[PDB]
Structures are given as C-alpha cells and as structure tokens.
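Trainee: Here it is, the structure in full.
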Amino acid sequence: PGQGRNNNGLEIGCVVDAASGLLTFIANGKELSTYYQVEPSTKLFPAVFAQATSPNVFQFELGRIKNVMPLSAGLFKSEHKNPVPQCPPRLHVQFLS
Amino acid sequence: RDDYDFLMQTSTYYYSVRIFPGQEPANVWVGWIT
Amino acid sequence: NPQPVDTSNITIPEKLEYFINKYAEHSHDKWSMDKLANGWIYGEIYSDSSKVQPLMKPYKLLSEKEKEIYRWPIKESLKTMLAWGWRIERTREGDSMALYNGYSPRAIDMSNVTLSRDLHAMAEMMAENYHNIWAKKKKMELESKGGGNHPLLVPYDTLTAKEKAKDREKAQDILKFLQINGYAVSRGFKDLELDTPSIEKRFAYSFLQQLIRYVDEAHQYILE
C-alpha cells in the first residue's frame, strides 16, 4: 500500500500449516502472493535476516490471529492445547556466527 | 470470537515480526529456515 | 559576521510542492501533539485564559493564511538547501506514493530514522546556517537596542550541545521526513577531474620546486 509503515511499524504475519506443509505470509492484514509448500517432516525455524538502519531493528511477536494456534502451542508438547500465547525461557534468539 | 473447537482441531501456527519505523524494510527479510 | 546564503533570488521547483504540503501537514500534526498534550481544546473562539484554540481542524481545513506560518520556514529551509546547490532527486517510490494519493492526529516517529555520515555533515551545515540566520536577527535587534550582548552570539562551533539541541533537531528532522517521503538528496557539486597522475600536485614536487627557485635566487644574490 505504501506509507502504511511510517505511522506504525509494518507487521509480516507468518502462518504455517503443519498438516499440509503450506507456508503463507500475511502483511498488514492482507495475504501476500508468495507461498511455499514444503515436504513432510520438515523442521522449520522462525528466522529474520536484517541489516540495521536504526538503533532498533525488529521485534519477534509471538501472538496469534483468528483461527490460528500460537507458536508456543506447536513448539512445546505440553502447550499443545493452550490458546494463550507463551514465551518459555527455552525459546531465545540465535544468530549466525 | 475464535472457534474453540477449531483451535483444538487445527494445526496452523502463527508468529509475527514488527519492523520498527525508521528501519528500512528492504533490508529486512522474514520467514522460515531449516 | 553572520552571512547565510541569500535565497531571495532562487525559487523552489514546483515538483517539491507535494513535499512542502506534506511537511506543513506534519508540522501542524506535531503542533497538535503538543497542543493536546498541554490540554488546549478545539473551539471556534480563540481564548488564552480559557485555553481554547480553533486550530485543531485538520491541515486541509486550516485557512490559507494559517498555512503560511508552516510552509514559510519550510520555504526558507528548502531554498537554503537548494541555494547550496544540493541536487534533490525524486525516487520511483515517492512516485508510487503520489500515484496512491473527531480529529485524531498522529505523527510519524523519527526516533529510529537515521542519517548517514555525509547526511550528518549536510545537516550540521544547514543547522549552522539556520543558527547564523537567527544570529543576524538577534544582532540587528542587539545594535538596534545599542547593547545587551546575548550570551549565545558565539559561533556555532563555540556553541554547546544543549544550545545546539533545538537547531540540530530541526535541521535533522526535516531531512528525516525528506528521506521517509523518499526524496533523494545528495551533494550539490560534482568532481570535474582529479589529475592524480600529475607529479606536480604532489606536495613534495611543489615544495622542491620552491626550494629550487629559492636556492637559485640565493645563488644569484651571492653572485652579485
């Protein structure tokens, strides 16, 4: 759309269908055209590549949208049926070194 | 209101990334890696 | 002796009129921020004791003379930047932006927007120029009153960070909004040719040539 990020930071939403392997992305509440289909048993790590043009770069948000499970519910086995989003201490940001 | 039964039978998971205003979006990539 | 580069002769291009309007809107918007934060309220009657002011109508609803106070400093800033020759270019992104193109105002946060090294140098130069403008007005007032040397009349270089704060923030935020709008601003002058292989322009060559001339002159003086 343009000019929709200066007012409020842009939000890409990543949804993964573990039952079908369909990777689709939504940005600013509208689905993007690009989609990825992965093969079964694929282990996918959330990842962000960024070159910093600011003191603050980005922010991992672990919320949920309508009709979708939070990320912790898929990451952890004990939280498989817990709609409340969670960020347990095991989860942490890693970087290539 | 989200359907509680759909949330229990579903396998779709979500996370989002906020690029703070002032950071160039062309320099930021979001998605999944193996 | 303060001399800003005179901008009366130079005129703004018509293509930058979109930016002029948009930054006038953004300045009105930050003014709405401070107005609402202080607690003034919208009302057709303008009272200072009642703490009410009608200028919470949007920028389009503002009067033409009301818009003057905003785009005026904008006009001087741009004519100052252009009188220095700094070529301002206009990217495809803003072209998409122009093609794209109960009062709840909301500004654009410039906290994370950042400039480059060279852009910082340019912002510092335009900032000191604005400060010399203020210096000329203060000095005309000063020997209009005869005396009263103002403490901040010292050069911009002599100024301190706290004194430089508001000048610097203005001179930077204008460039920040220019960048986020997408205008391409760079240096005005361009190199014509550097005669790098020229041995002459090496300092040693000129030094030794001058030494040769001096030694030969001294030789003639001792011969006579």
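Every chain in the structure tokens takes a letter, A first, then B, and so on in the order presented; its residues are numbered from 1, and the ligands are numbered from 1 following the presented order.
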Which residues of chain A have any atom within 10 Å of an atom in chain C when counting only C-alpha atoms, and what is the closest pair of atoms for each, with the distance in Å to one decimal? Order the rows by chain and rising number and write it as a Markdown table.

Mentor:
| residue | atom | partner | partner_atom | distance |
| --- | --- | --- | --- | --- |
| A:1 | CA | C:100 | CA | 7.8 |
| A:2 | CA | C:97 | CA | 6.3 |
| A:3 | CA | C:97 | CA | 7.2 |
| A:5 | CA | C:108 | CA | 9.3 |
| A:6 | CA | C:108 | CA | 5.9 |
| A:7 | CA | C:108 | CA | 5.1 |
| A:8 | CA | C:108 | CA | 8.0 |
| A:9 | CA | C:109 | CA | 9.9 |
| A:53 | CA | C:114 | CA | 6.7 |
| A:54 | CA | C:112 | CA | 5.1 |
| A:55 | CA | C:112 | CA | 6.2 |
| A:56 | CA | C:112 | CA | 6.5 |
| A:57 | CA | C:112 | CA | 8.7 |

Trainee: Would you save the residues from that selection as a short mmCIF file (atom, residue, chain, number, x, y, z; two decimals), in the first residue's frame, using C-alpha atoms?

Mentor:
data_model
loop_
_atom_site.label_atom_id
_atom_site.label_comp_id
_atom_site.auth_asym_id
_atom_site.auth_seq_id
_atom_site.Cartn_x
_atom_site.Cartn_y
_atom_site.Cartn_z
CA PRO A 1 0.00 0.00 0.00
CA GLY A 2 2.79 2.46 0.73
CA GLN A 3 3.06 4.98 3.58
CA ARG A 5 4.57 1.68 7.83
CA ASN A 6 5.85 5.13 8.82
CA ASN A 7 2.81 5.65 11.06
CA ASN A 8 3.06 2.17 12.59
CA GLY A 9 5.76 -0.44 12.09
CA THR A 53 19.46 1.13 9.57
CA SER A 54 18.30 2.13 13.06
CA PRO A 55 19.17 1.54 16.71
CA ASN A 56 16.06 -0.67 16.85
CA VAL A 57 15.83 -3.29 14.12
#

Trainee: Select, as a list in words, those residues of chain B with any atom no more than 12 Å from chain C (distances computed using only C-alpha atoms).

Mentor: residues 19, 20, 21, 22, 23, 24 and 25 of chain B

Trainee: Give me every alpha helix (DSSP H) residue in chain A, going by DSSP on the backbone, as a ChimeraX atom specification.

Mentor: /A:71-75

Trainee: Quick one: write out the picked residues with C-alpha atoms as a JSON list (two decimals), in the first residue's frame?

Mentor:
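Final output, saved to part.json:
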[["chain", "number", "residue", "atom", "x", "y", "z"],
["A", 71, "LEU", "CA", 3.65, -20.57, 18.06],
["A", 72, "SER", "CA", 4.35, -21.97, 21.53],
["A", 73, "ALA", "CA", 1.50, -24.46, 21.08],
["A", 74, "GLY", "CA", 3.46, -26.03, 18.23],
["A", 75, "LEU", "CA", 6.94, -25.56, 19.65]]

Trainee: Pull out every residue of chain B that has at least one atom within 6 Å of chain A, counting only C-alpha atoms, and report them as a list in words.

Mentor: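 That gives the following set of residues: residues 2, 11, 12, 13, 14, 15, 16, 17, 18, 19, 20, 21, 23, 27, 28, 29, 30, 31, 32, 33 and 34 of chain B.
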
Trainee: When you draw a straight line from atom CA of residue 105 of chain C to atom CA of residue 75 of chain C, how long is it in Å?

Mentor: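 Those two atoms sit 23.8 Å apart.
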
Trainee: Have a look at C:155, C:58, C:13, C:73 and name the one nearest to residue 132 of chain C; count only C-alpha atoms.

Mentor: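 Smallest distance to residue 132 of chain C is found for C:155.
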
Trainee: Name the residues in contact with residue 85 of chain C at a cut-off of 10 Å, using only C-alpha atoms, excluding same-chain residues fewer than 3 positions from it; report them as an mmCIF file with N, CA and C atoms, in the first residue's frame.

Mentor:
data_model
loop_
_atom_site.group_PDB
_atom_site.id
_atom_site.type_symbol
_atom_site.label_atom_id
_atom_site.label_comp_id
_atom_site.auth_asym_id
_atom_site.auth_seq_id
_atom_site.Cartn_x
_atom_site.Cartn_y
_atom_site.Cartn_z
ATOM 1 N N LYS C 79 14.872 26.587 0.092
ATOM 2 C CA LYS C 79 15.659 27.496 -0.740
ATOM 3 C C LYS C 79 17.089 27.620 -0.229
ATOM 4 N N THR C 80 17.297 27.454 1.077
ATOM 5 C CA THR C 80 18.654 27.417 1.605
ATOM 6 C C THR C 80 19.371 26.146 1.173
ATOM 7 N N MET C 81 18.686 25.004 1.250
ATOM 8 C CA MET C 81 19.300 23.747 0.840
ATOM 9 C C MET C 81 19.596 23.733 -0.655
ATOM 10 N N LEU C 82 18.767 24.406 -1.454
ATOM 11 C CA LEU C 82 18.933 24.367 -2.902
ATOM 12 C C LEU C 82 19.903 25.443 -3.376
ATOM 13 N N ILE C 88 18.452 17.591 -5.380
ATOM 14 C CA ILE C 88 17.404 16.805 -4.747
ATOM 15 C C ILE C 88 16.692 16.031 -5.847
ATOM 16 N N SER C 186 21.501 14.707 -2.140
ATOM 17 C CA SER C 186 22.931 14.432 -2.135
ATOM 18 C C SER C 186 23.674 15.757 -2.261
ATOM 19 N N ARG C 187 24.976 15.681 -2.521
ATOM 20 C CA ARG C 187 25.846 16.848 -2.564
ATOM 21 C C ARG C 187 25.603 17.612 -3.856
ATOM 22 N N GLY C 188 25.712 18.940 -3.785
ATOM 23 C CA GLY C 188 25.440 19.752 -4.957
ATOM 24 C C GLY C 188 26.532 19.680 -6.003
ATOM 25 N N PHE C 189 27.778 19.887 -5.592
ATOM 26 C CA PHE C 189 28.873 19.938 -6.545
ATOM 27 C C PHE C 189 29.374 18.535 -6.864
#
